[PDB]
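Before any questions on how it binds or moves, here is one chain, the form deposited in one PDB entry, in structure tokens.
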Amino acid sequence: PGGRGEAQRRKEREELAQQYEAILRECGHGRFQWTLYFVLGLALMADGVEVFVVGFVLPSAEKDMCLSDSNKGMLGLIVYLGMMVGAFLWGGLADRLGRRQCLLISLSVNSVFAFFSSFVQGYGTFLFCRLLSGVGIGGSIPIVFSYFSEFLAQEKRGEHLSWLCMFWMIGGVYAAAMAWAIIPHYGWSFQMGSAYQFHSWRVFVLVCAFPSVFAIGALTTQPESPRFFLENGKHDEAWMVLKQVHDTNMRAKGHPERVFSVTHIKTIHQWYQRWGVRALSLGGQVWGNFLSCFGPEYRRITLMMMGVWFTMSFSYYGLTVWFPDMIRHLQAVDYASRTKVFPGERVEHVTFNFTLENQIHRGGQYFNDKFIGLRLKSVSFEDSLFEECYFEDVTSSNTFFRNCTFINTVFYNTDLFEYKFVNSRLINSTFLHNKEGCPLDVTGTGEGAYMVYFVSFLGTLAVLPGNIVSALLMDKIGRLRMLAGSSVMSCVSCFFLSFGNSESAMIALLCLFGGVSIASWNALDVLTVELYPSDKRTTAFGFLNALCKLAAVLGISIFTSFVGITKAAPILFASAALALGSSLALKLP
């Protein structure tokens, strides 16, 4: 009856899955599948570029648009919730709208909103644009892995999906290289002037938007996954795509290129008035799929998969957010440690045309001597007085004056504002030709992370070959122990993250550990891909990735709620969870 009807139904589902796998291994493995791998790797490169941007290059935005210190955590948190909701929504949509269609829509949204963020001024608009780029990038992996799976035979599935993390890593490397090239240096970016405004921040975002636009440009050529066509009652285009597959694979290598007759013979043998209605129907289909993800068939497998994904989330956070946060903190303490105090600049009426930086005066006194050529770069005076020391066309940078006076001294073209100069004595302290207005200070602490960007660049670049080694190596272990190796990797990652106290040592160790961590993530990704049915592969993958992102953003929330004094408690929680989940959460079919 109904129960036996469903029994024969999923029996035929298994039969057709076997038949599709037979068709796939009949087509082969050649140029077409590697071209598709390169295109989906461009997509993963875009995803990695946005991950790097959000996790690494957030602290450079207070030089513009008046970014407050308390709202950086809010920006990161809301972008991670954007990635979460995007991953969940696009994963749910793909299995009832298309793997290529949803991937194209997500990449178009990401590219358009990244471009818009590159051309917005107010902080609110930039935050909104990054939030809506979050959904576009979060929708990538659940519709890249689960869409490249159906184009690969069983024997080559795990081996060739294990190499998709290399493109994520090279995307991180590309983003770091652009950051190092154009954010610090003023020779690569310049202000247009009257026609437009261009700081190194905008050019950085605009150039980081490029991998996404190339991915969407190259994604058009590849066709929709045949399995989706087969499941959605669409037969002719399935024949078309499979014919494209074997011909492209077999033109280079494969004797049957001469004639495909018998095999293709077997292949053919096998506006709210409607927009609102279709949106509601799509929502109903996605809700049905998500609810059936917790049915009697997958009541326990999905739960164990959740546990194994939670196992991984405490290394993804450490590599993506914890590492650059720690590097930034260490660079901050280093730049606080470095000092340059000038007691005075007394000279016998000799002009000083030389340029100096980091001038700080502590109780310095001037005997009413006029000095020409003084430079104010990274200058933070304290308890200092000036006597007729005015200079024409003086350049001001990082001017933070407090408890200091400038009696009978007038400066031109300075970044000083009313709020910058408070609680200090002043008489006739009026500055002419002042550049008052929107704060656009050059070298205004946005150039203070040059070493941070260089460290991130070389760390990721060196992770890349270690990642090559680890990815080439992990495929040797049997599939029953790749996730055990993942748990071991996470345990070692946490056992280090409980020990973070140095700069160069942390660079080297987190770099040589990025290889094993990233090579080990794809083992879990492959395990998630193979197990779930092709109808529910993308929902389940997106749902588990959404819980990985939820764990990451909850770690971010606690870390930003209590920072500095308490950092290692989440790592203790991580190690305890790893120990608890390595005992009985490895009985996965």
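C-alpha atoms forming the largest set that superposes within 1.5 Å between two forms make up the rigid core. Residue indices: 1-based, along the sequence shown.
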What about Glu392, is it left unmodelled in a third or more of the other PDB entries we looked at? yes
Does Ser429, which is modelled here, drop out in at least a third of the other compared PDB entries? yes
Unmodelled deposited residues flanked by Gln270 on one side and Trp271 on the other: 10 or more
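Unshown form deposited in another entry; subsequent notes refer to it.
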2 Å-or-more CA mover between this form and the one not shown, where superposition uses the core and the choices are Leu458, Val85, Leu219, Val203: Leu458
Would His160 count as moving between this form and the one not shown, using a Cα shift of 2 angstroms or more after superposing the core as the test? no
After superposition on the rigid core, does the Cα atom of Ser315 shift by at least 2 Å between this form and the one not shown? yes
So with the core overlaid, does the Cα of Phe115 end up 2 Å or more away between this form and the one not shown? no
Do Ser493 and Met84 move together or apart in that other deposited form, judged by C-alpha distance changing 3 Å or more? farther
Given that the CA-CA distance for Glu50 and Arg328 shifts by 3 Å or more in that other deposited form, does it become closer or farther? farther
